[PDB]
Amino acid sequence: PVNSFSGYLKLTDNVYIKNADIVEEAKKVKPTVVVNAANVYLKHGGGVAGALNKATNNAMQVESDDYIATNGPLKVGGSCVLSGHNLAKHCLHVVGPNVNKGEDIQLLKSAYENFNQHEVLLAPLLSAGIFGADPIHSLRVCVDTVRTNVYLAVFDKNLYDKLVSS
């Protein structure tokens, strides 16, 4: 693990952000930890999870299915560390709340608290895809909760611009 992050804008002492594809960042940066925004069953069917899984050539899904079949689902707000395959040493799969389905958005705090067990992480915003949390709000919880060094990758330029102006 090299953690050679570059080109990030510093938002706070420990939160940095970049308009970039998290998969391409992981390949460039060789992070110790890449974060996946997962569901409780680690079914990586779309969004960031699907992109990370595809970049591992489906190995992440094979490993995740085996973990879940033995251990049962994660809790919302919870996480688990699995292999990072070719993307990172470790993948921290974190489950933000599915806000659109009625899960408590306060669980974003719990979800980001999992980042505090790692010195440095490459990560997406949590719950900011199909789970329906306002990305501005998700960033705010991240800033207010995470105390270790988080390098956030935001794919869409318009969203990045909105986040950086907020």
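Residues carry their position along the shown sequence, with the first being 1.
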{"item": "Entry-level comparison of average CA B-factors, 114 to 122 and 56 to 64, reporting the higher stretch", "value": "114 to 122"}
{"item": "Position of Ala37 among the chain's modelled residues by C-alpha B-factor, lowest, middle or highest third", "value": "lowest"}
{"item": "Cα B factor band for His137 (lowest, middle or highest third within the chain)", "value": "middle"}
{"item": "Chain thirds of CA B-factor: placement of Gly84", "value": "lowest"}
{"item": "CA B-factor placement of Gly50, once the chain's modelled residues are sorted into thirds", "value": "lowest"}
{"item": "Modelled-residue ranking by C-alpha temperature factor, third containing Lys109", "value": "middle"}
